[PDB]
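Below is one structure, written out as structure tokens, with a few remarks after it.
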Amino acid sequence: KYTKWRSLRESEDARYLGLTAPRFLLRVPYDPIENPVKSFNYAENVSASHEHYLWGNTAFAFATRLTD
Amino acid sequence: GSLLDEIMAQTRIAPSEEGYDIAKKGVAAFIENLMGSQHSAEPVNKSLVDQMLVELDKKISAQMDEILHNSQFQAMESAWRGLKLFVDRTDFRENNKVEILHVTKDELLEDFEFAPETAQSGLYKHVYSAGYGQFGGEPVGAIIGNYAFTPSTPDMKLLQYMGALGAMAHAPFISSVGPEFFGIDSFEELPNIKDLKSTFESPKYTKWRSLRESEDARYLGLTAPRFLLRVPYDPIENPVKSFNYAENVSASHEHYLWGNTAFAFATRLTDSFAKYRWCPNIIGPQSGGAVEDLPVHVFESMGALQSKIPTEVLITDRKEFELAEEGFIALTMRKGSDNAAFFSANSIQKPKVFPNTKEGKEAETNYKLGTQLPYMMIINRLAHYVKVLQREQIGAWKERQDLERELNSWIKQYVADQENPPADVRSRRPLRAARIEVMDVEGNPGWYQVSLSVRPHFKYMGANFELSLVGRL
Amino acid sequence: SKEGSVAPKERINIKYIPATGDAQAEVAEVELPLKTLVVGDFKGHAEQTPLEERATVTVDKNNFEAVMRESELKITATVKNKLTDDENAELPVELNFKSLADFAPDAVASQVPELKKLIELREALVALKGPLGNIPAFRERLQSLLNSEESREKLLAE
């Protein structure tokens with residue numbers, strides 16, 4: 001399945017291609033004690049599906065270290 | 001099926017799981033020998049099992065003192081475990097290698113009878129041409145002879161053809177003489193010899209005293225009595241796995257695994273090279289001629305508790321000095337411990353008496369330094385380095401003045417022309433002065449007769465210590 | 001295998017292609033090790049090949065177990081039989097040595113089939129001694145085997 005991957009890796013111009021990490025978290029789900037909202041109590045019921053967390057893209061987070 | 005009832009009543013291995021076929025053989029074997037003495041008690045049977053093991057070990061160890069101790073086995077055990085004593089001591093990380101050649105001693109003289117000249121022999125191929133006479137090949141330092149030399153004609157013809165081989169490849173042939181060389185036929189009667197100088201002036205040794213006078217005998221050392229290899233086993237000291245083996249060594253001391261001391265003398269050629277990268281250091285009980293860690297066997301004598309001597313005789317100091325004058329590398333043993341020592345590594349060559357002129361009294365002391373053989377080994381290396389170093393140079397753009405300089409600036413890292421340097425400068429730089437006189441060859445120009453003339457330092461041997469009292473001073 | 005580059009121009013065109021390199025092969029005067037040639041009878045026969053064709057093997061501490069195995073030191077001799085009441089009996093052996101522990105009597109007796117049954121005899125007796133003195137009902141049935149002599153001898157042959 002990866003014949004177009006192992007031929008990409010051998011190529012000369014692949015030197016300018018990095019592909020980053022799993023993913024990383026962005027937003028803590030809200031809470032009426034920890035991170036409240038104005039004039040409302042919001043408990044974000046996060047289910048067993050971990051796709052509901054605001055998962056970002058780590059090309060953001062790896063370029064944080066290029067710039068810092 | 002009452003034997004199956006005894007296994008099922010035995011609750012440790014009852015329901016046929018593991019070890020039920022071995023323990024079934026254990027019950028049935030004990031009943032077959034039980035009829036010699038009928039008795040019914042388990043703790044006496046725990047002794048009666050042991051009384052069937054002591055009588056069993058009398059049956060087994062008397063057989064294993066006969067499968068061992070055989071003339072085909074023991075001579076092929078000492079010739080091979082004695083190699084392991086040469087492999088375990090020498091540090092192969094410190095630039096050492098050792099080649100192993102299968103000959104037999106009767107084959108080797110036939111192989112010198114094979115070729116019309118020693119420079120076309122089959123042993124000359126493995127000593128000279130596959131090693132030293134080879135571009136890039138590592139050259140041969142010494143030849144360990146795992147032999148037992150007689151003074152007969154098939155063993156003085158071999159050494160005549162090994163002194164000529166040793167003078168071509170610059171490597172001395174070290175081996176040993178046998179008991180029958182001295183004419184005793186049993187070795188432990190060697191200190192009983194009251195005059196060993198007159199023994200060597202016998203007409204049986206005409207092919208020995210003519211070998212000693214020869215020029216190429218300089219590359220022939222013949223070593224010590226013998227030395228011990230294997231401590232006989234014991235169920236307490238050196239046990240064996242799942243067995244108790246007491247090796248009953250009889251009054252015959254031929255049953256000990258006696259090795260060949262050409263192994264043990266070449267241990268000191270190599271343990272001197274692994275420390276200083278040279279080898280004059282082979283004649284010191286505290287300076288590199290001490291064969292340490294010998295096997296000892298403490299047994300019961302007639303009343304006392306003594307130790308079996310790891311060399312078969314106790315060589316006295318007068319006996320060793322008489323062997324030193326007659327060309328032998330003897331090994332005196334440190335009486336009461338597991339150490340030994342060499343004192344003089346003299347080759348078999350005799351110091352030729354020169355007439356009493358100014359040059360004759362000088363050249364006698366010059367020719368004496370050739371025979372002694374720690375000094376050959378500091379110029380055999382000056383035949384192995386210089387053969388290799390001037391092999392790469394063929395085809396260069398050189399001169400006679402450039403030939404003088406590539407050798408003088410080379411050997412003056414081995415020369416410490418100094419009256420009292422420290423103990424490390426003496427052995428890293430074993431020479432003391434070196435003269436190089438490069439000449440030409442006319443007719444065919446560009447052929448160079450150079451004369452490297454090295455000179456060594458001088459070790460410590462004998463004094464007088466003439467005591468007295470003065471009374472006031 | 002092509003670097004991505006731009007169209008050439010009056011502006012300058014930087015590209016990255018790594019170079020072949022310059023080694024300038026460094027000198028190394030290695031020294032001569034003190035090589036010795038141990039010569040002598042190392043097997044139990046005389047080989048039929050002449051001397052100029054057989055080879056020398058190099059032994060150090062790591063390969064001594066492999067030089068001993070490939071030599072095939074096969075010692076076949078007739079020795080004295082001390083396993084019975086006969087003084088004038090002889091018994092040849094067959095030995096195959098592959099390690100330094102094959103000189104030991106654990107592996108010499110394991111290669112003699114007349115001694116394979118005697119170590120197996122001892123291993124059967126060491127197995128007995130453990131459960132022997134622990135259960136005191138063994139001697140109760142030794143007297144039953146003293147009583148039942150007919151059924152005991154029928155089971156000893158099995």
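Within each chain, counting starts at residue 1; across the structure tokens, chains are named A, B, ... in the order shown, with ligands numbered 1 upward in that order.
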| query | What's the 12 Å shell around residue 72 in chain C, counting only C-alpha atoms, without same-chain residues fewer than 5 positions away, as a PyMOL selection string? | reply | chain C and resi 42-45+65-67+95-99+102
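Here the DSSP assignment of strand (DSSP E or B), based on backbone atoms, applies within chain C to residues 34, 35, 36, 37, 38, 39, 40, 57, 58, 73, 78, 79, 80, 90, 91, 92 and 97 of chain C.
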| message | Can you tell me which residues surround range 25-36 of chain A at a distance of at most 8 Å, considering only C-alpha atoms, apart from same-chain residues fewer than 3 positions away, and format the answer as a PyMOL selection string? | response | chain A and resi 40-44+46+53-56
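Taking CA of residue 128 in chain B and CA of residue 83 in chain B as endpoints, the distance between them is 22.4 Å.
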| task | Would you please extract all helix (DSSP H, G or I) residues from chain C, as assigned by DSSP on the backbone, and give them as a PyMOL selection string? | result | chain C and resi 64-71+100-103+105-111+113-129+138-147+150-156
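When the distance limit is 9 Å and only C-alpha atoms are what count, the residues near residue 167 in chain B, minus those fewer than 2 positions from it on the same chain, are residues 162, 163, 164, 165, 169, 170, 171, 172, 216, 217, 218 and 219 of chain B.
You can rank B:11, B:4, B:357, B:71 by their closest distance to residue 75 in chain C using only C-alpha atoms, and at the top of that list sits B:71.
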Go through chain A residue by residue and, counting only C-alpha atoms, keep those with an atom at most 12 Å from chain C; for each kept residue give the shortest atom pair and its distance in Å to one decimal, ordered by chain and increasing number, as CSV.
```
residue,atom,partner,partner_atom,distance
A:7,CA,C:1,CA,10.7
A:8,CA,C:1,CA,10.6
A:9,CA,C:1,CA,11.1
A:10,CA,C:1,CA,8.3
A:11,CA,C:1,CA,5.7
A:12,CA,C:1,CA,5.2
A:13,CA,C:3,CA,5.6
A:14,CA,C:3,CA,9.4
A:15,CA,C:3,CA,9.8
A:16,CA,C:4,CA,10.3
```
Determine, using only C-alpha atoms, which residues of chain B have any atom at most 7 Å from an atom of chain C, and tabulate each with its shortest atom pair and distance in Å to one decimal place, rows ordered by chain and then rising number, as JSON lines.
```
{"residue": "B:22", "atom": "CA", "partner": "C:124", "partner_atom": "CA", "distance": 6.5}
{"residue": "B:23", "atom": "CA", "partner": "C:127", "partner_atom": "CA", "distance": 6.3}
{"residue": "B:25", "atom": "CA", "partner": "C:124", "partner_atom": "CA", "distance": 6.1}
{"residue": "B:26", "atom": "CA", "partner": "C:124", "partner_atom": "CA", "distance": 4.2}
{"residue": "B:27", "atom": "CA", "partner": "C:128", "partner_atom": "CA", "distance": 7.0}
{"residue": "B:28", "atom": "CA", "partner": "C:156", "partner_atom": "CA", "distance": 6.2}
{"residue": "B:40", "atom": "CA", "partner": "C:139", "partner_atom": "CA", "distance": 5.0}
{"residue": "B:41", "atom": "CA", "partner": "C:139", "partner_atom": "CA", "distance": 5.2}
{"residue": "B:42", "atom": "CA", "partner": "C:133", "partner_atom": "CA", "distance": 5.1}
{"residue": "B:43", "atom": "CA", "partner": "C:133", "partner_atom": "CA", "distance": 5.6}
{"residue": "B:46", "atom": "CA", "partner": "C:129", "partner_atom": "CA", "distance": 6.0}
{"residue": "B:49", "atom": "CA", "partner": "C:125", "partner_atom": "CA", "distance": 6.6}
{"residue": "B:59", "atom": "CA", "partner": "C:83", "partner_atom": "CA", "distance": 5.7}
{"residue": "B:62", "atom": "CA", "partner": "C:82", "partner_atom": "CA", "distance": 6.3}
{"residue": "B:63", "atom": "CA", "partner": "C:82", "partner_atom": "CA", "distance": 5.4}
{"residue": "B:66", "atom": "CA", "partner": "C:79", "partner_atom": "CA", "distance": 6.2}
{"residue": "B:67", "atom": "CA", "partner": "C:79", "partner_atom": "CA", "distance": 6.1}
{"residue": "B:72", "atom": "CA", "partner": "C:44", "partner_atom": "CA", "distance": 6.9}
{"residue": "B:73", "atom": "CA", "partner": "C:75", "partner_atom": "CA", "distance": 6.8}
{"residue": "B:76", "atom": "CA", "partner": "C:42", "partner_atom": "CA", "distance": 6.3}
{"residue": "B:79", "atom": "CA", "partner": "C:42", "partner_atom": "CA", "distance": 6.0}
{"residue": "B:80", "atom": "CA", "partner": "C:42", "partner_atom": "CA", "distance": 6.3}
{"residue": "B:87", "atom": "CA", "partner": "C:61", "partner_atom": "CA", "distance": 6.0}
{"residue": "B:88", "atom": "CA", "partner": "C:61", "partner_atom": "CA", "distance": 6.5}
{"residue": "B:92", "atom": "CA", "partner": "C:60", "partner_atom": "CA", "distance": 6.6}
{"residue": "B:95", "atom": "CA", "partner": "C:33", "partner_atom": "CA", "distance": 4.7}
{"residue": "B:96", "atom": "CA", "partner": "C:33", "partner_atom": "CA", "distance": 5.1}
{"residue": "B:97", "atom": "CA", "partner": "C:35", "partner_atom": "CA", "distance": 4.9}
{"residue": "B:98", "atom": "CA", "partner": "C:36", "partner_atom": "CA", "distance": 4.8}
{"residue": "B:99", "atom": "CA", "partner": "C:37", "partner_atom": "CA", "distance": 4.5}
{"residue": "B:100", "atom": "CA", "partner": "C:38", "partner_atom": "CA", "distance": 5.2}
{"residue": "B:101", "atom": "CA", "partner": "C:56", "partner_atom": "CA", "distance": 4.9}
{"residue": "B:102", "atom": "CA", "partner": "C:41", "partner_atom": "CA", "distance": 5.9}
{"residue": "B:103", "atom": "CA", "partner": "C:40", "partner_atom": "CA", "distance": 5.5}
{"residue": "B:104", "atom": "CA", "partner": "C:41", "partner_atom": "CA", "distance": 4.8}
{"residue": "B:105", "atom": "CA", "partner": "C:40", "partner_atom": "CA", "distance": 6.9}
{"residue": "B:122", "atom": "CA", "partner": "C:52", "partner_atom": "CA", "distance": 4.6}
{"residue": "B:125", "atom": "CA", "partner": "C:52", "partner_atom": "CA", "distance": 6.9}
{"residue": "B:138", "atom": "CA", "partner": "C:32", "partner_atom": "CA", "distance": 6.1}
{"residue": "B:139", "atom": "CA", "partner": "C:35", "partner_atom": "CA", "distance": 6.4}
{"residue": "B:140", "atom": "CA", "partner": "C:35", "partner_atom": "CA", "distance": 5.0}
{"residue": "B:141", "atom": "CA", "partner": "C:36", "partner_atom": "CA", "distance": 5.2}
{"residue": "B:142", "atom": "CA", "partner": "C:36", "partner_atom": "CA", "distance": 5.0}
{"residue": "B:143", "atom": "CA", "partner": "C:37", "partner_atom": "CA", "distance": 5.0}
{"residue": "B:144", "atom": "CA", "partner": "C:38", "partner_atom": "CA", "distance": 4.5}
{"residue": "B:145", "atom": "CA", "partner": "C:39", "partner_atom": "CA", "distance": 5.5}
{"residue": "B:146", "atom": "CA", "partner": "C:40", "partner_atom": "CA", "distance": 4.7}
{"residue": "B:147", "atom": "CA", "partner": "C:40", "partner_atom": "CA", "distance": 6.5}
{"residue": "B:240", "atom": "CA", "partner": "C:106", "partner_atom": "CA", "distance": 6.7}
{"residue": "B:241", "atom": "CA", "partner": "C:106", "partner_atom": "CA", "distance": 6.6}
```
